[PDB]
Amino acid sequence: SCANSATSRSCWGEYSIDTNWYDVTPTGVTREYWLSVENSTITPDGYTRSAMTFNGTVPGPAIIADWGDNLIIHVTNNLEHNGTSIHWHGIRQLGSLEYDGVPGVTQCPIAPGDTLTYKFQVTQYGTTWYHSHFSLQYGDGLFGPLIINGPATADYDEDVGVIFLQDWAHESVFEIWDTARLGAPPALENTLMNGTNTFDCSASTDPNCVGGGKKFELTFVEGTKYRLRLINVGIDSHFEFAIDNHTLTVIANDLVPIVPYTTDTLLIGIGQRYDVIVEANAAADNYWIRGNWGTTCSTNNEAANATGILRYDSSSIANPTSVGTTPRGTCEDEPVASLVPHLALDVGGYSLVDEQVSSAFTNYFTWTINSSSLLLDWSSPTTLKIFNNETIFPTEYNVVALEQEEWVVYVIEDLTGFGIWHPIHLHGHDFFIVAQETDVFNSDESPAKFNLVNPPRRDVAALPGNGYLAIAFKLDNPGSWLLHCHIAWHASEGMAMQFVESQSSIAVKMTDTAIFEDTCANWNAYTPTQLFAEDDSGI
């Protein structure tokens, strides 16, 4: 039993970095939050535009808690013309399926003017984020940081918090969706680093291009070790984060602490999080912070300006003249060999489920999973079906039923030919990356090459373009769990499926059943006169 501190980050009282947090949870306290989903106007980069925000800021307010705390988060939808539904990214929701926030799966949408109070315990610690999982809303700024304090696998003095990395349009994503769904995502007008960037409005005739955008700035005190919590939250952005003339000691991936490793740059797919410790041991100077936008992965109009500024002297106003490390320049994830959980777990005996991604064109460009593109009915979410004792779901719900062989290995194959590295997010579980391969899956040979012995473990991992991703998870969380590409266009285009896991073992408190019913009653009251119908997959 030791206290967490700058020289004992492994400690968490009677618990520690060695505690199995899948099986053991500290007692904490209840923390209550009130969030308002708003229709806003912001100027993050000297361009004024609309946004959909929590509480009028991009990013939204920080939700900060300790490992074990119970969170009560009242979410009121103050948009006029969209439902909304908020997901707590990577959060296991063991026994709280109905608060996972996936509209069409775990809830009906929150109708305009309605409130839904999300309740869940945090049985994980580290860096994550919360965001709307209702259509493309997070692309208009509807996300915020969710930081759960706990132990760490390397010592550090100061936690600077999250640095968000994203693309950023100069108009609502909902304005460009009709063009994007023809099949080619647009190059967006800029990027943001923790909510800010420069933009040259000097030659603009657009009255909204008011200028004054500023670089993200981070100040170091020489000798201090800083925890930076990196999240890629773009619509369709890949990053390779780096700080010139500094080394990153990587200590967590998503919500899983790893054996520290050092790296000059850090590949980060959408929805992925890393925790790094940077020691401020360079010559004191201004250094460029590089997002290293992956131009081979997706387009942006201003890729080279996905940068911020590290200062050792905060009174300096000069731009860095530092020289960047040459990026690997791929759309890959960090190498599997680098991502070794500190808490070592092995994958047990399993049953294999194989699915294949392709594309089709119906009304617009769609992605298919075993020939079916996800299309959900917001007024009949999977959980509603489950509470009605339905076990056969619509084809377009892309349900795979799991029932106990205590483990599943889920192989998803890219048969599209496109060579996109798709960030695949699984809800309700950390998975084990048993293979992440650039090659064709062979059901007779590939399983023999799976790594079942402490493989990487996280909640978002790349399906390699033209390859396969084999992820294992244990049947330990009855529910209906969405799995999808986190490239927002692709999710909206149906690149998703869901696991209905141990359906008959789902338990929901009567109070939460009543709440769920109320949410859907209110949604159903809104839809007859909504201005805008569902026009994508729902998620």
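One-based numbering along the sequence shown.
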Residues of the deposited sequence left unbuilt between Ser372 and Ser371: none
Higher-B stretch (mean Cα B-factor, as the entry records it), 299-307 or 268-276: 299-307
Of 210-218 and 69-77, the one with larger mean CA B-factor: 210-218
Selection from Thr84, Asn253, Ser202, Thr249 [criterion: highest C-alpha temperature factor in the record]: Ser202
Out of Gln121, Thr115, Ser446, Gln436, highest CA B-factor residue: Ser446
Third of the chain, ranked by Cα B-factor, where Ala470 sits: middle
CA B-factor placement of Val508, once the chain's modelled residues are sorted into thirds: highest
Third of the chain, ranked by Cα B-factor, where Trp177 sits: highest
B-factor third for the C-alpha atom of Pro186 within its chain: highest
Position of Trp21 among the chain's modelled residues by C-alpha B-factor, lowest, middle or highest third: lowest
